[PDB]
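Visitor: For reference, the file data00.tsv (TSV, N, CA and C atoms and all ligand atoms) is included below:
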```tsv
chain	number	residue	atom	x	y	z
A	15	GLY	N	-8.49	-115.58	3.45
A	15	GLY	CA	-8.73	-114.86	4.74
A	15	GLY	C	-9.38	-113.49	4.59
A	16	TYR	N	-9.64	-113.07	3.35
A	16	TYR	CA	-10.32	-111.80	3.08
A	16	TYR	C	-11.72	-112.07	2.59
A	17	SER	N	-12.67	-111.23	2.99
A	17	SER	CA	-13.97	-111.19	2.31
A	17	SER	C	-13.78	-110.59	0.91
A	18	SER	N	-14.77	-110.80	0.05
A	18	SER	CA	-14.78	-110.14	-1.23
A	18	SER	C	-14.53	-108.64	-1.12
A	19	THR	N	-15.26	-107.99	-0.21
A	19	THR	CA	-15.17	-106.55	-0.08
A	19	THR	C	-13.79	-106.10	0.39
A	20	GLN	N	-13.20	-106.86	1.30
A	20	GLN	CA	-11.86	-106.56	1.76
A	20	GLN	C	-10.83	-106.65	0.63
A	21	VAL	N	-10.96	-107.66	-0.23
A	21	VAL	CA	-10.07	-107.76	-1.41
A	21	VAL	C	-10.20	-106.48	-2.26
A	22	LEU	N	-11.44	-106.07	-2.50
A	22	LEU	CA	-11.70	-104.89	-3.29
A	22	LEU	C	-11.06	-103.60	-2.71
A	23	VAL	N	-11.23	-103.38	-1.41
A	23	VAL	CA	-10.63	-102.21	-0.76
A	23	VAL	C	-9.12	-102.24	-0.82
A	24	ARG	N	-8.55	-103.42	-0.55
A	24	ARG	CA	-7.10	-103.57	-0.60
A	24	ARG	C	-6.59	-103.20	-1.99
A	25	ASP	N	-7.22	-103.72	-3.03
A	25	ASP	CA	-6.76	-103.43	-4.39
A	25	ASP	C	-6.91	-101.96	-4.73
A	26	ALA	N	-8.01	-101.35	-4.28
A	26	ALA	CA	-8.30	-99.96	-4.60
A	26	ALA	C	-7.30	-99.00	-3.97
A	27	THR	N	-6.65	-99.45	-2.91
A	27	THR	CA	-5.78	-98.56	-2.12
A	27	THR	C	-4.33	-99.04	-2.11
A	28	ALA	N	-3.98	-99.95	-3.01
A	28	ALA	CA	-2.67	-100.58	-3.02
A	28	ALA	C	-1.54	-99.59	-3.29
A	29	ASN	N	-0.36	-99.93	-2.79
A	29	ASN	CA	0.81	-99.08	-2.97
A	29	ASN	C	1.41	-99.26	-4.36
A	30	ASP	N	0.74	-98.67	-5.34
A	30	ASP	CA	1.16	-98.76	-6.75
A	30	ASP	C	0.69	-97.52	-7.50
A	31	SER	N	1.06	-97.47	-8.78
A	31	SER	CA	0.85	-96.30	-9.64
A	31	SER	C	-0.56	-96.16	-10.20
A	32	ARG	N	-1.41	-97.16	-9.97
A	32	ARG	CA	-2.81	-97.08	-10.38
A	32	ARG	C	-3.60	-96.09	-9.52
A	33	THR	N	-4.61	-95.47	-10.12
A	33	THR	CA	-5.60	-94.71	-9.36
A	33	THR	C	-6.84	-95.60	-9.26
A	34	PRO	N	-7.63	-95.46	-8.17
A	34	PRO	CA	-8.85	-96.24	-8.03
A	34	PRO	C	-9.75	-96.07	-9.25
A	35	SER	N	-10.17	-97.17	-9.87
A	35	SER	CA	-11.03	-97.10	-11.06
A	35	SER	C	-12.47	-96.71	-10.69
A	36	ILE	N	-13.21	-96.11	-11.62
A	36	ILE	CA	-14.61	-95.77	-11.37
A	36	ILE	C	-15.45	-97.02	-11.07
A	37	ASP	N	-15.16	-98.13	-11.74
A	37	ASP	CA	-15.84	-99.40	-11.49
A	37	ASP	C	-15.68	-99.83	-10.02
A	38	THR	N	-14.45	-99.74	-9.51
A	38	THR	CA	-14.18	-100.13	-8.14
A	38	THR	C	-14.77	-99.13	-7.14
A	39	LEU	N	-14.65	-97.85	-7.44
A	39	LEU	CA	-15.26	-96.83	-6.60
A	39	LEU	C	-16.78	-97.02	-6.49
A	40	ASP	N	-17.45	-97.27	-7.62
A	40	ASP	CA	-18.88	-97.51	-7.60
A	40	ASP	C	-19.21	-98.80	-6.86
A	41	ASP	N	-18.39	-99.84	-7.03
A	41	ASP	CA	-18.61	-101.07	-6.27
A	41	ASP	C	-18.56	-100.78	-4.76
A	42	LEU	N	-17.54	-100.04	-4.33
A	42	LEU	CA	-17.40	-99.72	-2.91
A	42	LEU	C	-18.55	-98.86	-2.40
A	43	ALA	N	-18.98	-97.87	-3.20
A	43	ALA	CA	-20.13	-97.05	-2.81
A	43	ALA	C	-21.39	-97.90	-2.66
A	44	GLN	N	-21.64	-98.77	-3.63
A	44	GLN	CA	-22.82	-99.63	-3.53
A	44	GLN	C	-22.75	-100.58	-2.34
A	45	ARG	N	-21.59	-101.21	-2.15
A	45	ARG	CA	-21.44	-102.16	-1.06
A	45	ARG	C	-21.53	-101.49	0.31
A	46	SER	N	-21.19	-100.20	0.40
A	46	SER	CA	-21.28	-99.48	1.67
A	46	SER	C	-22.70	-99.41	2.23
A	47	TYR	N	-23.71	-99.69	1.42
A	47	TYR	CA	-25.10	-99.73	1.91
A	47	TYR	C	-25.44	-101.00	2.66
A	48	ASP	N	-24.54	-101.98	2.63
A	48	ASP	CA	-24.66	-103.20	3.41
A	48	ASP	C	-23.80	-102.99	4.64
A	49	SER	N	-24.40	-103.08	5.83
A	49	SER	CA	-23.68	-102.67	7.03
A	49	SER	C	-22.46	-103.55	7.32
A	50	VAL	N	-22.53	-104.85	7.03
A	50	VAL	CA	-21.35	-105.68	7.23
A	50	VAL	C	-20.16	-105.18	6.36
A	51	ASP	N	-20.46	-104.93	5.09
A	51	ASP	CA	-19.44	-104.42	4.18
A	51	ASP	C	-18.95	-103.05	4.57
A	52	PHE	N	-19.87	-102.18	5.00
A	52	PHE	CA	-19.48	-100.86	5.46
A	52	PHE	C	-18.37	-100.93	6.50
A	53	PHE	N	-18.56	-101.73	7.54
A	53	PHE	CA	-17.55	-101.77	8.57
A	53	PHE	C	-16.23	-102.36	8.09
A	54	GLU	N	-16.30	-103.36	7.21
A	54	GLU	CA	-15.07	-103.91	6.62
A	54	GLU	C	-14.31	-102.86	5.81
A	55	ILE	N	-15.04	-102.07	5.02
A	55	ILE	CA	-14.42	-101.02	4.21
A	55	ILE	C	-13.73	-100.01	5.11
A	56	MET	N	-14.47	-99.51	6.11
A	56	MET	CA	-13.92	-98.43	6.93
A	56	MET	C	-12.74	-98.86	7.77
A	57	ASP	N	-12.75	-100.10	8.24
A	57	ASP	CA	-11.62	-100.58	9.02
A	57	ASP	C	-10.34	-100.61	8.19
A	58	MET	N	-10.47	-100.98	6.92
A	58	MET	CA	-9.31	-100.98	6.04
A	58	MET	C	-8.86	-99.58	5.66
A	59	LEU	N	-9.82	-98.68	5.40
A	59	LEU	CA	-9.47	-97.29	5.13
A	59	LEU	C	-8.83	-96.64	6.36
A	60	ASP	N	-9.31	-96.97	7.55
A	60	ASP	CA	-8.74	-96.41	8.78
A	60	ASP	C	-7.24	-96.71	8.85
A	61	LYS	N	-6.88	-97.97	8.60
A	61	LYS	CA	-5.49	-98.36	8.63
A	61	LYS	C	-4.67	-97.54	7.63
A	62	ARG	N	-5.15	-97.49	6.39
A	62	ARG	CA	-4.36	-96.89	5.32
A	62	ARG	C	-4.36	-95.36	5.36
A	63	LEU	N	-5.45	-94.75	5.83
A	63	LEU	CA	-5.46	-93.29	6.04
A	63	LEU	C	-4.44	-92.87	7.08
A	64	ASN	N	-4.08	-93.81	7.94
A	64	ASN	CA	-3.14	-93.57	9.02
A	64	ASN	C	-1.73	-93.99	8.69
A	65	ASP	N	-1.48	-94.31	7.42
A	65	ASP	CA	-0.12	-94.64	7.02
A	65	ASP	C	0.68	-93.36	6.81
A	66	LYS	N	1.93	-93.47	6.38
A	66	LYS	CA	2.81	-92.30	6.34
A	66	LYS	C	4.00	-92.53	5.44
A	67	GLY	N	4.75	-91.46	5.24
A	67	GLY	CA	6.07	-91.51	4.64
A	67	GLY	C	6.08	-92.10	3.26
A	68	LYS	N	6.95	-93.07	3.03
A	68	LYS	CA	7.06	-93.59	1.67
A	68	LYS	C	5.86	-94.42	1.22
A	69	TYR	N	4.95	-94.71	2.16
A	69	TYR	CA	3.69	-95.41	1.87
A	69	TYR	C	2.51	-94.46	1.70
A	70	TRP	N	2.82	-93.24	1.28
A	70	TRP	CA	1.82	-92.20	1.11
A	70	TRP	C	0.75	-92.57	0.10
A	71	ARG	N	1.04	-93.44	-0.87
A	71	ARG	CA	0.02	-93.84	-1.84
A	71	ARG	C	-1.16	-94.53	-1.17
A	72	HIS	N	-0.91	-95.27	-0.10
A	72	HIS	CA	-2.03	-95.85	0.64
A	72	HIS	C	-2.94	-94.75	1.15
A	73	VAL	N	-2.34	-93.64	1.60
A	73	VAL	CA	-3.10	-92.51	2.17
A	73	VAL	C	-3.86	-91.77	1.08
A	74	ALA	N	-3.16	-91.44	0.00
A	74	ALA	CA	-3.77	-90.70	-1.12
A	74	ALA	C	-4.96	-91.48	-1.69
A	75	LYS	N	-4.76	-92.78	-1.94
A	75	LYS	CA	-5.81	-93.57	-2.57
A	75	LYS	C	-6.97	-93.81	-1.60
A	76	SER	N	-6.67	-93.96	-0.32
A	76	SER	CA	-7.75	-94.06	0.67
A	76	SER	C	-8.57	-92.78	0.75
A	77	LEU	N	-7.91	-91.62	0.61
A	77	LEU	CA	-8.64	-90.35	0.60
A	77	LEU	C	-9.52	-90.26	-0.65
A	78	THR	N	-9.04	-90.75	-1.79
A	78	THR	CA	-9.88	-90.80	-2.98
A	78	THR	C	-11.11	-91.66	-2.75
A	79	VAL	N	-10.93	-92.83	-2.16
A	79	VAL	CA	-12.04	-93.70	-1.85
A	79	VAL	C	-13.00	-93.00	-0.88
A	80	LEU	N	-12.44	-92.40	0.18
A	80	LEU	CA	-13.26	-91.79	1.23
A	80	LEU	C	-14.12	-90.65	0.68
A	81	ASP	N	-13.53	-89.80	-0.16
A	81	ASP	CA	-14.29	-88.73	-0.79
A	81	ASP	C	-15.43	-89.29	-1.61
A	82	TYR	N	-15.16	-90.35	-2.38
A	82	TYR	CA	-16.18	-90.96	-3.21
A	82	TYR	C	-17.31	-91.52	-2.35
A	83	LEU	N	-16.96	-92.17	-1.24
A	83	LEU	CA	-17.97	-92.72	-0.34
A	83	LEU	C	-18.83	-91.63	0.30
A	84	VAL	N	-18.21	-90.52	0.69
A	84	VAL	CA	-18.93	-89.39	1.28
A	84	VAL	C	-19.98	-88.86	0.29
A	85	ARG	N	-19.64	-88.89	-1.00
A	85	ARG	CA	-20.52	-88.33	-2.04
A	85	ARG	C	-21.56	-89.33	-2.56
A	86	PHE	N	-21.20	-90.62	-2.63
A	86	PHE	CA	-21.99	-91.64	-3.33
A	86	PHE	C	-22.36	-92.85	-2.49
A	87	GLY	N	-21.73	-93.00	-1.33
A	87	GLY	CA	-21.94	-94.18	-0.49
A	87	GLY	C	-23.03	-93.92	0.53
A	88	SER	N	-23.19	-94.84	1.45
A	88	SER	CA	-24.26	-94.75	2.45
A	88	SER	C	-24.04	-93.62	3.46
A	89	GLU	N	-25.11	-93.29	4.18
A	89	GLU	CA	-25.02	-92.27	5.22
A	89	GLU	C	-23.99	-92.63	6.28
A	90	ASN	N	-23.84	-93.93	6.55
A	90	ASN	CA	-22.83	-94.40	7.48
A	90	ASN	C	-21.42	-93.85	7.16
A	91	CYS	N	-21.12	-93.67	5.87
A	91	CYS	CA	-19.82	-93.11	5.47
A	91	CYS	C	-19.59	-91.67	5.97
A	92	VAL	N	-20.66	-90.89	5.93
A	92	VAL	CA	-20.62	-89.54	6.47
A	92	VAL	C	-20.42	-89.58	7.99
A	93	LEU	N	-21.19	-90.44	8.64
A	93	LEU	CA	-21.11	-90.59	10.10
A	93	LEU	C	-19.68	-90.94	10.54
A	94	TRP	N	-19.03	-91.83	9.78
A	94	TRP	CA	-17.67	-92.26	10.11
A	94	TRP	C	-16.72	-91.10	10.05
A	95	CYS	N	-16.88	-90.28	9.02
A	95	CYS	CA	-16.00	-89.12	8.86
A	95	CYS	C	-16.12	-88.13	9.98
A	96	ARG	N	-17.33	-87.95	10.49
A	96	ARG	CA	-17.48	-87.01	11.57
A	96	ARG	C	-16.90	-87.55	12.89
A	97	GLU	N	-17.03	-88.85	13.12
A	97	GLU	CA	-16.37	-89.48	14.27
A	97	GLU	C	-14.84	-89.37	14.16
A	98	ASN	N	-14.34	-89.48	12.94
A	98	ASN	CA	-12.91	-89.53	12.66
A	98	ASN	C	-12.42	-88.24	12.02
A	99	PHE	N	-13.10	-87.13	12.30
A	99	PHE	CA	-12.82	-85.87	11.61
A	99	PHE	C	-11.42	-85.37	11.93
A	100	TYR	N	-10.96	-85.59	13.16
A	100	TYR	CA	-9.65	-85.12	13.59
A	100	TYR	C	-8.57	-85.70	12.70
A	101	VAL	N	-8.69	-86.99	12.38
A	101	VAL	CA	-7.70	-87.68	11.56
A	101	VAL	C	-7.70	-87.13	10.13
A	102	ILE	N	-8.89	-86.98	9.54
A	102	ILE	CA	-9.01	-86.39	8.21
A	102	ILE	C	-8.38	-84.99	8.18
A	103	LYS	N	-8.69	-84.19	9.20
A	103	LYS	CA	-8.12	-82.84	9.33
A	103	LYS	C	-6.59	-82.86	9.37
A	104	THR	N	-6.00	-83.82	10.09
A	104	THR	CA	-4.54	-83.91	10.15
A	104	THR	C	-3.91	-84.20	8.80
A	105	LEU	N	-4.65	-84.83	7.88
A	105	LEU	CA	-4.11	-85.10	6.56
A	105	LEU	C	-3.86	-83.82	5.75
A	106	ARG	N	-4.48	-82.70	6.17
A	106	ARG	CA	-4.18	-81.38	5.58
A	106	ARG	C	-2.75	-80.95	5.88
A	107	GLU	N	-2.06	-81.68	6.76
A	107	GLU	CA	-0.71	-81.37	7.21
A	107	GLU	C	0.28	-82.47	6.83
A	108	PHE	N	-0.17	-83.41	6.01
A	108	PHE	CA	0.66	-84.55	5.65
A	108	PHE	C	1.90	-84.12	4.88
A	109	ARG	N	3.05	-84.65	5.32
A	109	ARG	CA	4.38	-84.37	4.75
A	109	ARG	C	5.08	-85.63	4.25
A	110	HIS	N	5.56	-85.60	3.00
A	110	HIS	CA	6.56	-86.56	2.50
A	110	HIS	C	7.27	-86.04	1.28
A	111	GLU	N	8.60	-86.03	1.32
A	111	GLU	CA	9.39	-85.69	0.14
A	111	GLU	C	10.13	-86.92	-0.36
A	112	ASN	N	10.03	-87.17	-1.66
A	112	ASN	CA	10.70	-88.32	-2.29
A	112	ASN	C	12.21	-88.09	-2.45
A	113	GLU	N	12.88	-89.04	-3.10
A	113	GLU	CA	14.33	-88.98	-3.32
A	113	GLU	C	14.75	-87.77	-4.16
A	114	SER	N	13.92	-87.40	-5.13
A	114	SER	CA	14.17	-86.25	-5.98
A	114	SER	C	13.86	-84.93	-5.28
A	115	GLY	N	13.39	-85.02	-4.03
A	115	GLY	CA	13.03	-83.84	-3.25
A	115	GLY	C	11.64	-83.29	-3.54
A	116	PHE	N	10.90	-83.98	-4.42
A	116	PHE	CA	9.54	-83.62	-4.77
A	116	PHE	C	8.58	-83.96	-3.64
A	117	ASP	N	7.66	-83.04	-3.40
A	117	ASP	CA	6.71	-83.15	-2.31
A	117	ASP	C	5.52	-83.99	-2.72
A	118	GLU	N	5.58	-85.28	-2.37
A	118	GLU	CA	4.50	-86.21	-2.67
A	118	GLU	C	3.29	-85.98	-1.76
A	119	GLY	N	3.52	-85.33	-0.62
A	119	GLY	CA	2.44	-85.07	0.35
A	119	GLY	C	1.45	-84.01	-0.09
A	120	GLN	N	1.84	-83.13	-1.01
A	120	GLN	CA	0.96	-82.05	-1.43
A	120	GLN	C	-0.40	-82.55	-1.93
A	121	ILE	N	-0.40	-83.63	-2.70
A	121	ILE	CA	-1.67	-84.12	-3.25
A	121	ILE	C	-2.62	-84.55	-2.13
A	122	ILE	N	-2.05	-85.11	-1.07
A	122	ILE	CA	-2.83	-85.52	0.09
A	122	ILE	C	-3.41	-84.30	0.82
A	123	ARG	N	-2.60	-83.25	1.00
A	123	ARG	CA	-3.06	-82.06	1.71
A	123	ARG	C	-4.20	-81.40	0.95
A	124	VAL	N	-4.06	-81.32	-0.37
A	124	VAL	CA	-5.08	-80.73	-1.21
A	124	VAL	C	-6.38	-81.56	-1.14
A	125	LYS	N	-6.25	-82.88	-1.28
A	125	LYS	CA	-7.42	-83.77	-1.17
A	125	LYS	C	-8.09	-83.62	0.19
A	126	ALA	N	-7.28	-83.58	1.24
A	126	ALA	CA	-7.83	-83.51	2.56
A	126	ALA	C	-8.55	-82.18	2.82
A	127	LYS	N	-7.97	-81.08	2.35
A	127	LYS	CA	-8.60	-79.78	2.54
A	127	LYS	C	-9.96	-79.72	1.83
A	128	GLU	N	-10.03	-80.29	0.63
A	128	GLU	CA	-11.28	-80.32	-0.11
A	128	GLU	C	-12.34	-81.17	0.60
A	129	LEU	N	-11.93	-82.31	1.14
A	129	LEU	CA	-12.86	-83.15	1.90
A	129	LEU	C	-13.33	-82.50	3.20
A	130	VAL	N	-12.42	-81.84	3.92
A	130	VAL	CA	-12.81	-81.14	5.15
A	130	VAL	C	-13.81	-80.02	4.84
A	131	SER	N	-13.58	-79.29	3.75
A	131	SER	CA	-14.50	-78.22	3.34
A	131	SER	C	-15.90	-78.77	3.05
A	132	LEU	N	-15.97	-79.90	2.35
A	132	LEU	CA	-17.24	-80.52	2.03
A	132	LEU	C	-17.98	-80.97	3.29
A	133	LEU	N	-17.25	-81.64	4.19
A	133	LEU	CA	-17.83	-82.14	5.43
A	133	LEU	C	-18.28	-81.02	6.38
A	134	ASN	N	-17.58	-79.89	6.33
A	134	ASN	CA	-17.96	-78.69	7.11
A	134	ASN	C	-19.16	-77.92	6.54
A	135	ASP	N	-19.64	-78.31	5.36
A	135	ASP	CA	-20.72	-77.59	4.70
A	135	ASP	C	-21.89	-78.55	4.51
A	136	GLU	N	-22.73	-78.64	5.55
A	136	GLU	CA	-23.84	-79.60	5.60
A	136	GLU	C	-24.78	-79.51	4.40
A	137	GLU	N	-25.16	-78.29	4.03
A	137	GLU	CA	-26.10	-78.12	2.94
A	137	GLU	C	-25.51	-78.58	1.61
A	138	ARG	N	-24.27	-78.18	1.34
A	138	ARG	CA	-23.59	-78.59	0.12
A	138	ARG	C	-23.46	-80.12	0.07
A	139	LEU	N	-23.09	-80.73	1.20
A	139	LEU	CA	-22.95	-82.18	1.27
A	139	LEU	C	-24.27	-82.86	0.98
A	140	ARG	N	-25.33	-82.41	1.63
A	140	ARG	CA	-26.65	-83.01	1.44
A	140	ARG	C	-27.17	-82.85	0.02
A	141	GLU	N	-26.92	-81.68	-0.58
A	141	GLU	CA	-27.33	-81.40	-1.96
A	141	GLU	C	-26.61	-82.32	-2.94
A	142	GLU	N	-25.29	-82.44	-2.78
A	142	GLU	CA	-24.48	-83.33	-3.62
A	142	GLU	C	-24.95	-84.78	-3.48
A	143	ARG	N	-25.14	-85.23	-2.24
A	143	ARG	CA	-25.57	-86.60	-1.99
A	143	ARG	C	-26.95	-86.90	-2.58
A	144	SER	N	-27.84	-85.91	-2.51
A	144	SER	CA	-29.20	-86.04	-3.05
A	144	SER	C	-29.18	-86.17	-4.58
A	145	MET	N	-28.36	-85.34	-5.22
A	145	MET	CA	-28.22	-85.36	-6.68
A	145	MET	C	-27.51	-86.62	-7.16
A	146	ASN	N	-26.60	-87.14	-6.35
A	146	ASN	CA	-25.89	-88.38	-6.66
A	146	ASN	C	-26.79	-89.60	-6.46
B	201	CL	CL	-17.38	-112.58	1.02
```
Please re-express this file's structure in structure tokens.
Ligand SMILES: [Cl-]

Guide:
Amino acid sequence: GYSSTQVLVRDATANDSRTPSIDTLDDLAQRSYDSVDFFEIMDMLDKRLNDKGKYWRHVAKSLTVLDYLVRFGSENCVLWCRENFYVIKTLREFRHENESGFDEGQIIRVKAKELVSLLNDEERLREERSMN
């Protein structure tokens, strides 16, 4: 019931201790230039970027994917972020503390602040994308 690309996004953002591999990130960036795949990718990231609490790994890993797409993927990836900028901005406020009382949300807030800064700086974004 999944397309190839959907399987790839699901694995890249799974609730586990792995970080998205460069191979998978590059696959997603390349596939984002195909409009059918682009929409499949973003729909899955939308779901997982909007997760919370003990499922924070879905959020963290989706933010990793999203940053990579903004830098290396199609222009459509940038367009999506600007449409959905409010949601990305809210991730700067993401909260979750684990059983040990450790703040698992901090990594998400840091990632989100860095992505918001990049998206707010058109020239820097365009320069990075051009060099990539
Ligand atoms: Cl397929």

Visitor: Padding 5 Å on each side, edges along x, y and z: where is the centre of the box around the listed atoms of stretch 24-33 of chain A, and how long are its edges in Å to one decimal? Output it as JSON.

Guide:
```
{"center_x": -3.6, "center_y": -99.2, "center_z": -5.5, "size_x": 20.0, "size_y": 19.0, "size_z": 19.8}
```

Visitor: Can you tell me which residues sit at most 6.5 Å away from ligand CL 201 (chain B), counting only N, CA and C atoms and all ligand atoms, written as an NGL selection string?

Guide: :A and (16-19)

Visitor: Work out how far atom N of residue A:137 is from atom N of residue A:35, in Å to one decimal.

Guide: 27.8 Å

Visitor: If we count only N, CA and C atoms, what is near stretch 68-84 of chain A at a cut-off of 8 Å, once residues fewer than 2 positions away on the same chain are taken out, given as a PyMOL selection string?

Guide: chain A and resi 26-34+39-40+42-44+46+58-66+86-93+109-112+118-119+121-123+125-126+128-129+139+142-143

Visitor: Would you compute the distance between atom CA of residue A:20 and atom CA of residue A:51? Give it in Å to one decimal.

Guide: 8.2 Å

Visitor: Just the alpha helix (DSSP H) stuff from stretch 18-139 of chain A, please, per backbone DSSP, written as a PyMOL selection string.

Guide: chain A and resi 18-26+36-45+49-63+70-86+89-97+99-104+120-133+136-139

Visitor: So how far away is atom C of residue A:120 from atom N of residue A:94, in Å?

Guide: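 If I compute the distance from atom N of residue A:94 to atom C of residue A:120, I get 23.9 Å.
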